[PDB]
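> Just start_10.json, nothing more (JSON, C-alpha atoms and all ligand atoms):
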[["chain", "number", "residue", "atom", "x", "y", "z"],
["A", 1, "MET", "CA", 14.55, -99.20, -114.27],
["A", 2, "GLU", "CA", 18.27, -99.79, -113.77],
["A", 3, "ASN", "CA", 17.44, -99.01, -110.13],
["A", 4, "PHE", "CA", 15.88, -102.48, -109.76],
["A", 5, "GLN", "CA", 17.36, -105.95, -109.36],
["A", 6, "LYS", "CA", 15.20, -108.96, -110.26],
["A", 7, "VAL", "CA", 14.77, -111.43, -107.38],
["A", 8, "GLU", "CA", 12.32, -113.81, -109.08],
["A", 9, "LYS", "CA", 9.34, -114.04, -111.44],
["A", 10, "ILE", "CA", 6.01, -114.04, -109.59],
["A", 11, "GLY", "CA", 3.80, -114.76, -112.61],
["A", 12, "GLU", "CA", 1.68, -113.27, -115.39],
["A", 13, "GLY", "CA", -0.50, -110.36, -114.26],
["A", 14, "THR", "CA", -3.37, -108.89, -116.28],
["A", 15, "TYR", "CA", -1.24, -106.65, -118.54],
["A", 16, "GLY", "CA", 2.26, -108.04, -118.01],
["A", 17, "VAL", "CA", 4.71, -110.03, -115.92],
["A", 18, "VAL", "CA", 5.10, -109.35, -112.19],
["A", 19, "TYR", "CA", 8.49, -109.82, -110.51],
["A", 20, "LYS", "CA", 9.74, -109.74, -106.94],
["A", 21, "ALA", "CA", 12.48, -107.12, -107.21],
["A", 22, "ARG", "CA", 14.80, -105.06, -104.99],
["A", 23, "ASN", "CA", 15.53, -101.32, -105.18],
["A", 24, "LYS", "CA", 19.33, -100.94, -105.38],
["A", 25, "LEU", "CA", 19.61, -97.64, -103.47],
["A", 26, "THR", "CA", 16.99, -98.13, -100.73],
["A", 27, "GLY", "CA", 16.96, -101.93, -100.40],
["A", 28, "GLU", "CA", 13.15, -101.95, -100.73],
["A", 29, "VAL", "CA", 11.67, -105.29, -101.77],
["A", 30, "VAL", "CA", 8.79, -104.64, -104.18],
["A", 31, "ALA", "CA", 6.58, -106.28, -106.79],
["A", 32, "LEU", "CA", 7.42, -104.84, -110.19],
["A", 33, "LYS", "CA", 4.90, -105.11, -113.03],
["A", 34, "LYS", "CA", 6.44, -104.74, -116.49],
["A", 35, "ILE", "CA", 3.76, -103.69, -119.00],
["A", 36, "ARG", "CA", 4.83, -104.59, -122.52],
["A", 37, "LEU", "CA", 2.70, -102.48, -124.92],
["A", 47, "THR", "CA", -4.88, -91.51, -121.59],
["A", 48, "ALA", "CA", -3.81, -94.74, -119.85],
["A", 49, "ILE", "CA", -0.95, -92.81, -118.23],
["A", 50, "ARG", "CA", -3.61, -90.51, -116.74],
["A", 51, "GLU", "CA", -5.71, -93.51, -115.61],
["A", 52, "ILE", "CA", -2.71, -95.06, -113.79],
["A", 53, "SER", "CA", -1.88, -91.68, -112.22],
["A", 54, "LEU", "CA", -5.38, -91.79, -110.71],
["A", 55, "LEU", "CA", -4.92, -95.40, -109.50],
["A", 56, "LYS", "CA", -1.84, -94.24, -107.54],
["A", 57, "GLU", "CA", -4.19, -92.08, -105.46],
["A", 58, "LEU", "CA", -6.52, -95.04, -104.71],
["A", 59, "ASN", "CA", -5.01, -95.81, -101.29],
["A", 60, "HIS", "CA", -6.59, -98.19, -98.76],
["A", 61, "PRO", "CA", -5.32, -100.79, -96.24],
["A", 62, "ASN", "CA", -6.96, -103.56, -98.34],
["A", 63, "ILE", "CA", -5.56, -102.49, -101.72],
["A", 64, "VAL", "CA", -1.97, -103.37, -102.64],
["A", 65, "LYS", "CA", -0.08, -100.05, -102.66],
["A", 66, "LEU", "CA", 1.03, -98.68, -106.02],
["A", 67, "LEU", "CA", 4.34, -97.11, -104.95],
["A", 68, "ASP", "CA", 5.63, -95.62, -108.21],
["A", 69, "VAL", "CA", 4.84, -95.37, -111.90],
["A", 70, "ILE", "CA", 7.85, -95.34, -114.22],
["A", 71, "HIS", "CA", 7.09, -94.17, -117.74],
["A", 72, "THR", "CA", 10.40, -94.45, -119.61],
["A", 73, "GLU", "CA", 10.42, -95.41, -123.33],
["A", 74, "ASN", "CA", 7.93, -97.74, -125.04],
["A", 75, "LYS", "CA", 7.95, -99.17, -121.53],
["A", 76, "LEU", "CA", 5.76, -98.83, -118.43],
["A", 77, "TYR", "CA", 6.77, -100.25, -115.05],
["A", 78, "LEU", "CA", 4.52, -100.29, -112.02],
["A", 79, "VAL", "CA", 6.26, -100.55, -108.64],
["A", 80, "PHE", "CA", 3.92, -102.09, -106.09],
["A", 81, "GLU", "CA", 4.11, -103.16, -102.48],
["A", 82, "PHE", "CA", 5.12, -106.87, -102.18],
["A", 83, "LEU", "CA", 3.16, -109.44, -100.16],
["A", 84, "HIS", "CA", 4.50, -112.91, -99.42],
["A", 85, "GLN", "CA", 1.52, -115.14, -100.40],
["A", 86, "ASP", "CA", -1.66, -115.25, -102.47],
["A", 87, "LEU", "CA", -4.98, -116.69, -101.25],
["A", 88, "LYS", "CA", -4.90, -119.63, -103.74],
["A", 89, "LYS", "CA", -1.58, -120.85, -102.28],
["A", 90, "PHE", "CA", -3.00, -120.41, -98.79],
["A", 91, "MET", "CA", -6.24, -122.26, -99.66],
["A", 92, "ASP", "CA", -4.11, -125.03, -101.25],
["A", 93, "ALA", "CA", -1.93, -125.28, -98.12],
["A", 94, "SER", "CA", -5.08, -125.32, -95.94],
["A", 95, "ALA", "CA", -6.96, -127.96, -97.94],
["A", 96, "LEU", "CA", -6.69, -130.79, -95.36],
["A", 97, "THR", "CA", -8.31, -128.82, -92.50],
["A", 98, "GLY", "CA", -9.87, -125.90, -94.33],
["A", 99, "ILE", "CA", -9.29, -122.25, -93.39],
["A", 100, "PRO", "CA", -10.84, -121.63, -89.95],
["A", 101, "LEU", "CA", -14.24, -119.87, -90.18],
["A", 102, "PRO", "CA", -13.09, -116.81, -88.17],
["A", 103, "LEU", "CA", -10.24, -116.34, -90.67],
["A", 104, "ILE", "CA", -12.64, -116.78, -93.63],
["A", 105, "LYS", "CA", -14.93, -114.18, -92.02],
["A", 106, "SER", "CA", -12.06, -111.73, -91.44],
["A", 107, "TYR", "CA", -10.80, -112.06, -95.03],
["A", 108, "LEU", "CA", -14.33, -111.60, -96.43],
["A", 109, "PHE", "CA", -14.96, -108.55, -94.25],
["A", 110, "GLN", "CA", -11.64, -106.90, -95.23],
["A", 111, "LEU", "CA", -12.21, -107.52, -98.94],
["A", 112, "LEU", "CA", -15.71, -106.02, -98.70],
["A", 113, "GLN", "CA", -14.08, -102.97, -97.10],
["A", 114, "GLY", "CA", -11.54, -102.70, -99.93],
["A", 115, "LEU", "CA", -14.30, -103.11, -102.52],
["A", 116, "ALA", "CA", -16.67, -100.63, -100.84],
["A", 117, "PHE", "CA", -13.77, -98.16, -101.08],
["A", 118, "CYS", "CA", -13.01, -98.95, -104.77],
["A", 119, "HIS", "CA", -16.67, -98.92, -105.64],
["A", 120, "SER", "CA", -17.24, -95.54, -103.94],
["A", 121, "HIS", "CA", -14.64, -94.16, -106.39],
["A", 122, "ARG", "CA", -16.30, -95.94, -109.34],
["A", 123, "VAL", "CA", -13.32, -98.27, -109.67],
["A", 124, "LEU", "CA", -14.07, -101.93, -110.38],
["A", 125, "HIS", "CA", -11.66, -104.83, -109.97],
["A", 126, "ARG", "CA", -13.25, -106.83, -112.84],
["A", 127, "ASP", "CA", -11.19, -110.01, -112.32],
["A", 128, "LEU", "CA", -11.22, -111.01, -108.64],
["A", 129, "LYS", "CA", -9.81, -114.48, -107.98],
["A", 130, "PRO", "CA", -7.87, -116.24, -105.19],
["A", 131, "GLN", "CA", -4.65, -115.83, -107.25],
["A", 132, "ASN", "CA", -4.83, -112.01, -107.08],
["A", 133, "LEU", "CA", -5.78, -111.77, -103.41],
["A", 134, "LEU", "CA", -2.67, -111.21, -101.31],
["A", 135, "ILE", "CA", -2.08, -112.03, -97.64],
["A", 136, "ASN", "CA", 0.57, -111.22, -95.02],
["A", 137, "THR", "CA", 1.56, -112.49, -91.53],
["A", 138, "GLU", "CA", -0.32, -109.60, -89.88],
["A", 139, "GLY", "CA", -3.72, -111.09, -90.81],
["A", 140, "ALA", "CA", -4.35, -108.64, -93.68],
["A", 141, "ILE", "CA", -5.68, -109.48, -97.18],
["A", 142, "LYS", "CA", -5.45, -107.09, -100.12],
["A", 143, "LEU", "CA", -6.97, -106.59, -103.56],
["A", 144, "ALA", "CA", -4.36, -106.66, -106.35],
["A", 145, "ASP", "CA", -3.89, -106.82, -110.13],
["A", 146, "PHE", "CA", -6.67, -104.40, -111.13],
["A", 147, "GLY", "CA", -7.27, -100.88, -112.42],
["A", 164, "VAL", "CA", -8.11, -117.42, -118.75],
["A", 165, "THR", "CA", -9.96, -118.53, -115.61],
["A", 166, "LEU", "CA", -13.72, -118.05, -115.93],
["A", 167, "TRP", "CA", -14.69, -119.58, -112.60],
["A", 168, "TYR", "CA", -15.34, -116.23, -110.87],
["A", 169, "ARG", "CA", -17.05, -114.38, -113.77],
["A", 170, "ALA", "CA", -20.46, -112.77, -113.11],
["A", 171, "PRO", "CA", -23.29, -114.06, -115.35],
["A", 172, "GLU", "CA", -24.03, -110.58, -116.85],
["A", 173, "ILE", "CA", -20.46, -110.60, -118.28],
["A", 174, "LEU", "CA", -20.96, -114.12, -119.65],
["A", 175, "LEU", "CA", -24.27, -112.95, -121.23],
["A", 176, "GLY", "CA", -22.52, -110.09, -123.02],
["A", 177, "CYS", "CA", -23.23, -107.04, -120.86],
["A", 178, "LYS", "CA", -21.13, -104.25, -122.33],
["A", 179, "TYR", "CA", -21.45, -101.82, -119.43],
["A", 180, "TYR", "CA", -21.38, -103.87, -116.27],
["A", 181, "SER", "CA", -21.33, -102.61, -112.72],
["A", 182, "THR", "CA", -19.60, -102.95, -109.34],
["A", 183, "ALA", "CA", -21.93, -105.94, -108.79],
["A", 184, "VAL", "CA", -19.51, -108.05, -110.85],
["A", 185, "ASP", "CA", -16.94, -107.90, -108.02],
["A", 186, "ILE", "CA", -19.52, -108.95, -105.44],
["A", 187, "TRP", "CA", -20.38, -111.99, -107.55],
["A", 188, "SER", "CA", -16.68, -112.94, -107.79],
["A", 189, "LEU", "CA", -16.17, -112.47, -104.05],
["A", 190, "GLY", "CA", -19.21, -114.69, -103.35],
["A", 191, "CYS", "CA", -17.68, -117.50, -105.44],
["A", 192, "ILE", "CA", -14.40, -117.10, -103.51],
["A", 193, "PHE", "CA", -16.29, -117.09, -100.13],
["A", 194, "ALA", "CA", -18.02, -120.36, -101.08],
["A", 195, "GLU", "CA", -14.69, -121.88, -102.17],
["A", 196, "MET", "CA", -12.99, -120.99, -98.85],
["A", 197, "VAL", "CA", -15.84, -122.73, -96.99],
["A", 198, "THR", "CA", -16.19, -125.93, -99.06],
["A", 199, "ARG", "CA", -12.59, -126.27, -100.32],
["A", 200, "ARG", "CA", -14.02, -126.71, -103.81],
["A", 201, "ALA", "CA", -14.44, -124.13, -106.57],
["A", 202, "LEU", "CA", -18.12, -123.21, -106.81],
["A", 203, "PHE", "CA", -18.40, -122.97, -110.64],
["A", 204, "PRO", "CA", -15.30, -124.55, -112.25],
["A", 205, "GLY", "CA", -16.13, -123.93, -115.95],
["A", 206, "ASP", "CA", -13.67, -124.42, -118.80],
["A", 207, "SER", "CA", -15.49, -122.41, -121.52],
["A", 208, "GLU", "CA", -17.95, -119.50, -121.39],
["A", 209, "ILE", "CA", -20.97, -121.69, -122.07],
["A", 210, "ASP", "CA", -19.82, -124.40, -119.63],
["A", 211, "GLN", "CA", -19.27, -121.63, -117.03],
["A", 212, "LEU", "CA", -22.73, -120.27, -117.74],
["A", 213, "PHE", "CA", -24.35, -123.74, -117.66],
["A", 214, "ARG", "CA", -22.59, -124.69, -114.41],
["A", 215, "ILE", "CA", -24.06, -121.50, -112.84],
["A", 216, "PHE", "CA", -27.49, -122.31, -114.33],
["A", 217, "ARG", "CA", -27.41, -125.87, -112.96],
["A", 218, "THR", "CA", -26.71, -124.73, -109.40],
["A", 219, "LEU", "CA", -28.80, -121.55, -109.22],
["A", 220, "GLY", "CA", -31.47, -122.32, -111.82],
["A", 221, "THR", "CA", -31.70, -120.97, -115.35],
["A", 222, "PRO", "CA", -32.57, -117.30, -114.91],
["A", 223, "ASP", "CA", -35.80, -116.00, -116.43],
["A", 224, "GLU", "CA", -37.56, -112.62, -116.42],
["A", 225, "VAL", "CA", -38.99, -113.29, -112.93],
["A", 226, "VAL", "CA", -35.69, -113.45, -111.02],
["A", 227, "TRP", "CA", -33.77, -111.28, -113.50],
["A", 228, "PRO", "CA", -35.88, -108.71, -115.44],
["A", 229, "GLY", "CA", -34.17, -107.95, -118.74],
["A", 230, "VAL", "CA", -32.21, -111.24, -118.92],
["A", 231, "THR", "CA", -33.85, -112.53, -122.13],
["A", 232, "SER", "CA", -32.81, -109.25, -123.75],
["A", 233, "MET", "CA", -29.06, -109.69, -123.16],
["A", 234, "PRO", "CA", -26.62, -109.82, -126.11],
["A", 235, "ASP", "CA", -25.77, -113.55, -125.77],
["A", 236, "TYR", "CA", -28.94, -114.83, -124.13],
["A", 237, "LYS", "CA", -30.54, -117.61, -126.18],
["A", 238, "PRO", "CA", -34.20, -118.60, -125.84],
["A", 239, "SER", "CA", -32.82, -122.09, -126.49],
["A", 240, "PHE", "CA", -30.80, -122.27, -123.22],
["A", 241, "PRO", "CA", -31.89, -125.36, -121.27],
["A", 242, "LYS", "CA", -34.27, -124.72, -118.38],
["A", 243, "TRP", "CA", -32.69, -126.08, -115.17],
["A", 244, "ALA", "CA", -34.17, -125.72, -111.68],
["A", 245, "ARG", "CA", -32.45, -123.96, -108.79],
["A", 246, "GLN", "CA", -30.75, -126.37, -106.44],
["A", 247, "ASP", "CA", -31.37, -126.34, -102.73],
["A", 248, "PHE", "CA", -28.86, -123.83, -101.30],
["A", 249, "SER", "CA", -28.05, -125.87, -98.13],
["A", 250, "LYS", "CA", -26.72, -128.51, -100.58],
["A", 251, "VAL", "CA", -24.32, -126.00, -102.17],
["A", 252, "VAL", "CA", -22.26, -124.76, -99.20],
["A", 253, "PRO", "CA", -22.35, -127.22, -96.25],
["A", 254, "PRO", "CA", -21.39, -126.66, -93.56],
["A", 255, "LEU", "CA", -21.90, -122.86, -93.74],
["A", 256, "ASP", "CA", -24.28, -121.53, -91.07],
["A", 257, "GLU", "CA", -27.58, -119.73, -91.82],
["A", 258, "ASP", "CA", -26.03, -116.24, -91.62],
["A", 259, "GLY", "CA", -23.24, -117.20, -94.08],
["A", 260, "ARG", "CA", -25.64, -118.87, -96.52],
["A", 261, "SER", "CA", -27.99, -115.89, -96.36],
["A", 262, "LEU", "CA", -25.17, -113.43, -97.15],
["A", 263, "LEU", "CA", -23.83, -115.72, -99.91],
["A", 264, "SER", "CA", -27.27, -115.95, -101.57],
["A", 265, "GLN", "CA", -27.41, -112.12, -101.61],
["A", 266, "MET", "CA", -23.93, -111.96, -103.18],
["A", 267, "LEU", "CA", -25.01, -114.46, -105.86],
["A", 268, "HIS", "CA", -28.33, -112.87, -106.92],
["A", 269, "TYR", "CA", -28.73, -113.06, -110.71],
["A", 270, "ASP", "CA", -30.00, -109.50, -111.14],
["A", 271, "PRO", "CA", -26.93, -107.22, -110.71],
["A", 272, "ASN", "CA", -29.30, -104.54, -109.35],
["A", 273, "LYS", "CA", -30.59, -106.79, -106.58],
["A", 274, "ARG", "CA", -27.12, -108.23, -105.78],
["A", 275, "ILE", "CA", -25.97, -106.85, -102.40],
["A", 276, "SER", "CA", -23.47, -103.95, -102.42],
["A", 277, "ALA", "CA", -20.14, -104.21, -100.61],
["A", 278, "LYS", "CA", -21.29, -101.49, -98.17],
["A", 279, "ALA", "CA", -24.55, -103.28, -97.28],
["A", 280, "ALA", "CA", -22.80, -106.67, -97.02],
["A", 281, "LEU", "CA", -20.58, -105.23, -94.26],
["A", 282, "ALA", "CA", -23.73, -104.68, -92.14],
["A", 283, "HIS", "CA", -24.95, -108.25, -92.60],
["A", 284, "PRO", "CA", -25.52, -110.26, -89.36],
["A", 285, "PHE", "CA", -22.79, -112.69, -90.55],
["A", 286, "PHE", "CA", -20.26, -110.04, -89.48],
["A", 287, "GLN", "CA", -21.60, -109.52, -85.95],
["A", 288, "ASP", "CA", -18.83, -111.60, -84.35],
["A", 289, "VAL", "CA", -16.06, -110.71, -86.83],
["A", 290, "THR", "CA", -12.50, -110.63, -85.45],
["A", 291, "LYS", "CA", -9.02, -110.45, -86.99],
["A", 292, "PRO", "CA", -7.20, -113.79, -86.48],
["A", 293, "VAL", "CA", -3.60, -114.18, -87.64],
["A", 294, "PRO", "CA", -3.07, -116.93, -90.22],
["A", 295, "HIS", "CA", -0.33, -119.52, -89.88],
["A", 296, "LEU", "CA", 1.77, -118.88, -92.98],
["A", 297, "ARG", "CA", 4.71, -120.98, -94.03],
["A", 298, "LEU", "CA", 6.88, -118.86, -96.31],
["B", 1, "LIG", "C1", 1.34, -115.25, -107.08],
["B", 1, "LIG", "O1", 1.08, -113.89, -106.68],
["B", 1, "LIG", "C2", 1.77, -113.35, -105.62],
["B", 1, "LIG", "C3", 2.41, -114.04, -104.50],
["B", 1, "LIG", "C4", 2.96, -113.09, -103.69],
["B", 1, "LIG", "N1", 2.72, -111.87, -104.23],
["B", 1, "LIG", "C5", 1.99, -112.01, -105.38],
["B", 1, "LIG", "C6", 1.57, -110.85, -106.17],
["B", 1, "LIG", "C7", 1.71, -109.40, -106.00],
["B", 1, "LIG", "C8", 2.47, -108.78, -104.85],
["B", 1, "LIG", "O2", 3.08, -109.21, -103.89],
["B", 1, "LIG", "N2", 2.30, -107.42, -105.13],
["B", 1, "LIG", "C9", 1.57, -107.16, -106.28],
["B", 1, "LIG", "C10", 1.19, -105.98, -106.89],
["B", 1, "LIG", "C11", 0.43, -106.04, -108.07],
["B", 1, "LIG", "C12", 0.05, -107.28, -108.62],
["B", 1, "LIG", "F1", -0.67, -107.31, -109.75],
["B", 1, "LIG", "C13", 0.40, -108.51, -108.04],
["B", 1, "LIG", "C14", -0.03, -109.71, -108.63],
["B", 1, "LIG", "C15", -0.38, -110.75, -109.12],
["B", 1, "LIG", "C16", -0.79, -111.99, -109.65],
["B", 1, "LIG", "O3", -2.17, -111.88, -110.03],
["B", 1, "LIG", "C17", 0.14, -112.57, -110.74],
["B", 1, "LIG", "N3", 1.52, -112.06, -110.66],
["B", 1, "LIG", "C18", 0.15, -114.09, -110.52],
["B", 1, "LIG", "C19", -1.16, -114.63, -109.89],
["B", 1, "LIG", "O4", 0.43, -114.83, -111.72],
["B", 1, "LIG", "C20", 1.19, -108.44, -106.80]]
Could the structure of this file be written out as structure tokens, please?
Ligand SMILES: COc1cc[nH]c1/C=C1\C(=O)Nc2ccc(F)c(C#C[C@@H](O)[C@@H](N)[C@@H](C)O)c21


Amino acid sequence: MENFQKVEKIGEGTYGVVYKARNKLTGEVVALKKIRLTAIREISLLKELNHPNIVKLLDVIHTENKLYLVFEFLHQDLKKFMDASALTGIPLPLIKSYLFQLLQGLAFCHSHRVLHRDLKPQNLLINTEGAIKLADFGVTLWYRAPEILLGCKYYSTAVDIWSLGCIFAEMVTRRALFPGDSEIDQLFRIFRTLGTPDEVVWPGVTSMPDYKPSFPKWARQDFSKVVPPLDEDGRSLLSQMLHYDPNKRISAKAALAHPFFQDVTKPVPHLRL
């Protein structure tokens, strides 16, 4: 750990603080996650999870009551980019590219039974090359899947698809889709837009740990009202990413074959660093 010089604090990650740091021998600029404290075996496996759309775990340093994770560094997160793009909005071709690449990263994760669990614009990283990467995996509730909010203990890869749908919508409209500030408010914001789920659209839902028969019964809103000005292909894909039933929610693999991605390209973003 004495091999690393702090450049600056990036922020709080899931299990500790992330810093931009430099390796004193090589000169490598990295993102160093300091975890404060079988997990060692779990992380060892994460090091093998290599993909162009996953931030590279370079090294794991287990020294003391201390665990440091040395990751690849990227210059910007998607939230910052969205914020900087808020006057014009991110161009649709760039939205489409970012969505497509994230679905590739997730299809890869998911094929290895690895879930992200906490996808949000603040943990999606971009570079000048036009790439976007999944990071900070292996409180904001805005992106949480409804099965989690309803107390599912053993949730599935479908949770990441839900989160990515919310992010997709947000890139298009320049507004957070479901900006809740408590679990119930989050849940009720979802219910008010998509309709209160019942046994018809989500078999099993009334059986969930925190489902209450006494939940208000709201009607589904018209979907063309939710994400203007997204085209029919985009709205169709989004609706499949936001299905209530986790088992009917589209997989990352199937989403990549959606007609929305017929004309996908890889634009370069204009980043001010
Ligand atoms: C604000 O986040 C930025 C901006 C540039 N890079 C990052 C983050 C990481 C980077 O470059 N490599 C990484 C490897 C594992 C990582 F977990 C990260 C990360 C992250 C973030 O979720 C938190 N540090 C923030 C949101 O508070 C990063």

> From the list A:176, A:271, A:139, A:222, which residue is nearest residue 208 of chain A when using only C-alpha atoms?

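Among the listed residues, A:176 lies closest to residue 208 of chain A.
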
> Counting all atoms listed in the file, name the residues that have an atom within 8 Å of an atom of ligand LIG 1 (chain B); the answer should be given as an MDAnalysis selection string.

chainID A and resid 10:14 17:20 30:33 64:66 79:86 89 131:135 144:146

> Given only C-alpha atoms as the basis, pick out the residue of A:147, A:95, A:130, A:197 nearest to residue 50 of chain A.

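Answer, going by the shortest atom-to-atom distance: A:147.
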
> Rank nothing, just name the residue among A:104, A:111, A:54, A:35 nearest to residue 78 of chain A, using all atoms listed in the file.

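Nearest candidate to residue 78 of chain A out of A:104, A:111, A:54, A:35: A:35.
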
> Quick one: of A:138, A:73, A:258, A:270, who's nearest to residue 227 of chain A, counting all atoms listed in the file?

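Result for the nearest residue to residue 227 of chain A: A:270.
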
> Once you count only C-alpha atoms, what closest atom pair and distance in Å to one decimal does each residue of segment 75-166 of chain A within 9 Å of segment 191-196 of chain A have, with rows by chain and rising residue number, as a Markdown table?


| residue | atom | partner | partner_atom | distance |
| --- | --- | --- | --- | --- |
| A:91 | CA | A:196 | CA | 6.9 |
| A:98 | CA | A:196 | CA | 7.4 |
| A:99 | CA | A:196 | CA | 6.7 |
| A:101 | CA | A:196 | CA | 8.8 |
| A:104 | CA | A:196 | CA | 6.7 |
| A:105 | CA | A:193 | CA | 8.7 |
| A:108 | CA | A:193 | CA | 6.9 |
| A:128 | CA | A:192 | CA | 8.6 |
| A:129 | CA | A:192 | CA | 6.9 |
| A:130 | CA | A:192 | CA | 6.8 |

> For each of A:203, A:236, A:187, A:285, take the minimum atom-to-atom distance to residue 166 of chain A, counting all atoms listed in the file, then give the residue where this is smallest.

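Result for the nearest residue to residue 166 of chain A: A:203.
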
> What does the structure give for the distance between atom CA of residue 242 of chain A and atom CA of residue 213 of chain A, in Å to one decimal?

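About the pair atom CA of residue 242 of chain A and atom CA of residue 213 of chain A: they are 10.0 Å apart.
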
> So which one's closest to residue 16 of chain A, A:239, A:103, A:76, A:70? Using all atoms listed in the file, please.

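Of A:239, A:103, A:76, A:70, the one nearest residue 16 of chain A, counting all atoms listed in the file, is A:76.
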
> Mind pulling up the distance from atom CA of residue 24 of chain A to atom CA of residue 4 of chain A?

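Separating atom CA of residue 4 of chain A from atom CA of residue 24 of chain A is a distance of 5.8 Å.
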
> To one decimal place, how far is atom CA of residue 63 of chain A from atom CA of residue 110 of chain A in Å?

9.9 Å

> Quick one: residues within 8 Å of residue 52 of chain A, all atoms listed in the file counted, chain neighbours fewer than 3 positions away excluded, as a count of residues only?

6

> Using only C-alpha atoms, list the residues that have an atom at most 10 Å from (-27.1, -116.1, -105.1), coordinates as in the file, as a PyMOL selection string.

chain A and resi 187+190-191+215+218-219+248+260-270+274-275

> Fix up segment 125-138 of chain A with N, CA, C and O atoms, then write it as a short mmCIF file (atom, residue, chain, number, x, y, z; two decimals), in the frame of the given file.


data_model
loop_
_atom_site.label_atom_id
_atom_site.label_comp_id
_atom_site.auth_asym_id
_atom_site.auth_seq_id
_atom_site.Cartn_x
_atom_site.Cartn_y
_atom_site.Cartn_z
N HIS A 125 -12.78 -103.92 -109.83
CA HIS A 125 -11.66 -104.83 -109.97
C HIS A 125 -11.74 -105.56 -111.32
O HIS A 125 -10.76 -105.59 -112.06
N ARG A 126 -12.91 -106.13 -111.59
CA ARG A 126 -13.25 -106.83 -112.84
C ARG A 126 -12.78 -108.28 -112.95
O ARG A 126 -13.35 -109.07 -113.73
N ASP A 127 -11.76 -108.66 -112.18
CA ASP A 127 -11.19 -110.01 -112.32
C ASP A 127 -10.71 -110.60 -111.00
O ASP A 127 -9.63 -111.16 -110.92
N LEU A 128 -11.54 -110.46 -109.96
CA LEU A 128 -11.22 -111.01 -108.64
C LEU A 128 -11.11 -112.52 -108.70
O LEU A 128 -11.98 -113.18 -109.28
N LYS A 129 -10.04 -113.05 -108.11
CA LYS A 129 -9.81 -114.48 -107.98
C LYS A 129 -8.85 -114.72 -106.82
O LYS A 129 -8.12 -113.81 -106.43
N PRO A 130 -8.82 -115.94 -106.27
CA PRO A 130 -7.87 -116.24 -105.19
C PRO A 130 -6.42 -115.94 -105.56
O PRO A 130 -5.67 -115.57 -104.68
N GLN A 131 -6.05 -116.10 -106.83
CA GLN A 131 -4.65 -115.83 -107.25
C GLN A 131 -4.23 -114.35 -107.25
O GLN A 131 -3.04 -114.06 -107.26
N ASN A 132 -5.20 -113.43 -107.21
CA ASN A 132 -4.83 -112.01 -107.08
C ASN A 132 -5.22 -111.36 -105.74
O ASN A 132 -5.22 -110.15 -105.58
N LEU A 133 -5.52 -112.21 -104.77
CA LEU A 133 -5.78 -111.77 -103.41
C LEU A 133 -4.54 -112.09 -102.59
O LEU A 133 -4.11 -113.23 -102.53
N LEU A 134 -3.96 -111.06 -101.98
CA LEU A 134 -2.67 -111.21 -101.31
C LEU A 134 -2.79 -111.12 -99.80
O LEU A 134 -3.50 -110.27 -99.26
N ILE A 135 -2.06 -111.99 -99.11
CA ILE A 135 -2.08 -112.03 -97.64
C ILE A 135 -0.69 -111.82 -97.03
O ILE A 135 0.33 -112.05 -97.69
N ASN A 136 -0.67 -111.35 -95.78
CA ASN A 136 0.57 -111.22 -95.02
C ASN A 136 0.44 -111.88 -93.62
O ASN A 136 -0.63 -112.42 -93.28
N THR A 137 1.52 -111.84 -92.84
CA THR A 137 1.56 -112.49 -91.53
C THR A 137 0.76 -111.73 -90.47
O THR A 137 0.51 -112.25 -89.38
N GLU A 138 0.37 -110.50 -90.79
CA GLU A 138 -0.32 -109.60 -89.88
C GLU A 138 -1.84 -109.88 -89.85
O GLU A 138 -2.57 -109.25 -89.11
#
